[PDB]
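Just one chain is shown here, as structure tokens, and it is the form deposited in one PDB entry.
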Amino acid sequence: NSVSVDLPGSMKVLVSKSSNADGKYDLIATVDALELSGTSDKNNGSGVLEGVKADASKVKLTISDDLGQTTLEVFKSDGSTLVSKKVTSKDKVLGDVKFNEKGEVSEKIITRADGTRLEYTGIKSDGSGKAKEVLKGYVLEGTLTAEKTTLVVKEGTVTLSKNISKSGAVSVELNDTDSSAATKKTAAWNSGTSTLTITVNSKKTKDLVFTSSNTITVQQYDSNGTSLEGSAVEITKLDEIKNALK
């Protein structure tokens, strides 16, 4: 009979213990009540399974040869145009994509391995849309273009912009429309340490670090402006980011 194999994306597939006359393995899977079935030339659970929803939408589950990745697709009833695609990759990142009546991407939600998310909605043919990053404790809102995602926090005359390039690189900037040189904030970005250093009146005031854990930390310089003091504090609420910009 069969062997159960654990899949990425909280799924299971049952694979036949031995092969058929063609050398092939039977695959069976239930996905949210829908029975899928398939045949594979490998013995490990990898391969393609198919089924059809009660509304006649076609479904396909594709499991990569190394079991690292699953793709779950729903199609219109003639199987030609995508309706939804959910891809869990070997680093457990999820991409959940919705398509327009013409099967072109309209919405994409990325869930990172740590549970933080990028939510892109109202995606248009040029790759532009609306964006939101959902972090632990707070959300950042902005826009998407084919160049970059730009999330924005505003506080007084100060605008902080977090940019995620098309390839995933982060960079951050600060603009202040204050003209009083005593009080106007400016900032320099170090992409090497992923640190935004803020300055007021030729004195460093604080370092904002945009971490590889998708957190933001704040650490103040001493009253001189010369050197850091105390220790970095993790932002836990959008107000604490706003405070850092005061």
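Residue numbers here begin at 1 and follow the sequence given. In this text, rigid core is short for the largest set of C-alphas that superpose within 1.5 Å between two forms.
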item: Stretch exceeding the other in mean C-alpha B-factor - 51-59, 183-191; value: 183-191
item: Mean temperature factor over C-alpha atoms, higher-scoring stretch between 61-69 and 217-225; value: 217-225
item: Residue with maximal Cα B-factor (values as given in the PDB entry) among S37, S46, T211, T199; value: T199
item: Highest-ranked of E119, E155, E104, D96 once sorted by CA temperature factor in the record; value: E104
item: Third of the chain, ranked by Cα B-factor, where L82 sits; value: highest
item: Third of the chain's Cα B-factor distribution that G142 belongs to, per the entry; value: lowest
item: CA B-factor placement of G115, once the chain's modelled residues are sorted into thirds; value: middle
item: Assigned third (lowest, middle, highest) for the C-alpha B factor of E133; value: lowest
item: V170, C-alpha B-factor rank within chain (lowest, middle or highest third); value: highest
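A second form of this protein, the form deposited in another entry, is not displayed here; the remarks below concern that form.
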| property | result |
| --- | --- |
| CA of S10, rigid core aligned, shift of 2 Å or more between the shown form and the other one | yes |
